[PDB]
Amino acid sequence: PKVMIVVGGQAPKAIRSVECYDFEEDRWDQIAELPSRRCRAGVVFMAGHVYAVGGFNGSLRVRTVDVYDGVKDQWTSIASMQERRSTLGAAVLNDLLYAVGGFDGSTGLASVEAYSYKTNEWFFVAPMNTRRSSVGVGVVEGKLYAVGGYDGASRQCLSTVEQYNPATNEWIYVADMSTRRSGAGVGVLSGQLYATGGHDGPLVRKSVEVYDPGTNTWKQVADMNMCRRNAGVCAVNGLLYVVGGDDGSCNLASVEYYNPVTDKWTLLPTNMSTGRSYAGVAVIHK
């Protein structure tokens, strides 16, 4: 029995709240709060635990990293990143946790660092070709992808996409998306890389496109029910869940999921108790 964990976010300020959606029971519940208020953090499930990385505490961007113990319902602090990163991407590749880009409060970041839970250490790997804050990431077939985001050097929301291979320690550009997406909800389902929503300046998107690494091709799929940027994304049981987010003004309480076989987006029948954006999301066993 799996549950979906939703970690921090804006509602409308940074919060400590960590919620759990129980799929079988169709119910939201609070679990252990973060040690401090957090939004814009990266969240991943790695080697049996949920990790929460970086973010924003309402005043400063942070380099803190916490791990969640579901048995004791307890968050613990582990090694902090080298850089403060907020609106970063976080992903797991070969059992390393990668912290990709983000914003440190002064500048957007092209730098990338990786965490080993065996040694409890962070180290830099190769930087991206473009600095990217509000960057979505996904891992497919041994590669790490950085999708869209915002480049403060050019002041552009990005349609470009880069691919990282740990074996070469190199980032390369792959096919551009059809559309610029900062704050896209990015995830991987059945070997395909999804870019959902996001924005280009004041224009928020409900459109969705999907990337096949085998063909280096993006294709459009069905629109979401709602315009969303800064939504959390996770994949479970053949479906892509998109959680909360905002439309630039309101934070959304709803969740919707994509079935790639039927090409349909469906709203979760029970909203969160309050709108929440820039929340990270993971799926775990109950």
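Numbers for residues come from their place in the sequence shown, where the first is 1.
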| property | result |
| --- | --- |
| 19 to 27 set against 264 to 272, stretch whose average Cα temperature factor tops the other in the entry | 19 to 27 |
| Residue range whose averaged C-alpha B-factor is higher in the record, 67 to 75 or 175 to 183 | 67 to 75 |
| Residue with highest C-alpha B-factor in the PDB entry, from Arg155, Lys206, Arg85, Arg131 | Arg155 |
| Peak C-alpha temperature factor (PDB record), options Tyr211, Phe123, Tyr98, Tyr150 | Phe123 |
| Record-listed C-alpha B factor of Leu144: chain third | lowest |
| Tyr51 CA temperature factor, ranked by third within the chain | lowest |
| For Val281, the third of its chain into which the C-alpha B factor falls | middle |
| Among modelled residues of the same chain, the CA temperature factor third for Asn216 | middle |
| Lowest, middle or highest third - CA B-factor, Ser106 | highest |
